[PDB]
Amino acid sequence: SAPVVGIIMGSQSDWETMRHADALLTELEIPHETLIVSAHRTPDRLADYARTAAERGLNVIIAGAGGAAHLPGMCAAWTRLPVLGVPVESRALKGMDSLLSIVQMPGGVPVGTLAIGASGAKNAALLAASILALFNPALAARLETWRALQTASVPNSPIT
């Protein structure tokens, strides 16, 4: 029914990356919303979004951005909810700028940061799932199945 995870990203160009988070949440049947919120171009949209997230029923926010990537950290500044950050791969610096601007948060306002790129987007959704599983037993069983299938499906030898 109502969303319990919010996926937000700074622009349409981030979607090629953040779609992997959206797909994973859908696979695990976690109700969620998927939105564009720009820290730099729509800062008041971000303030309102982050400030009202908990009262709207959201439990986790997944935020993706690239370059001087401020969206996850500023989201965390306005909410007590856990915020997970996805560094989007940038053209010149390959997401090293994205990674350092997200992960290096000063003490007092955390962002749980995942890998650069599609791997990070997928893992932010899995981390959000593991958080919700702590108090949602049906989901916890679906997550167990997901992790079991991942493990069991790894081949024993490479194909030529």
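Numbering starts at 1 and runs along the sequence shown.
For the segment pair 89-97 and 35-43, the entry gives 89-97 the higher mean B-factor, averaged over Cα atoms. Of the two stretches examined, 114-122 and 50-58, the record assigns the greater average C-alpha temperature factor to 50-58. Across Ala133, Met105, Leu127, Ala68, the entry's maximum B-factor at the CA atom is seen for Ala133. In the deposited entry, the Cα temperature factor of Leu149 places it in the middle third of its chain's modelled residues.
Looking at the C-alpha B-factors along this chain, the one for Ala63 belongs to the lowest third. In the PDB entry, a CA B factor belonging to the lowest third of its chain's modelled residues is recorded for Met18. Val5 sits in the middle third of its chain by CA B factor, as recorded in the PDB entry.
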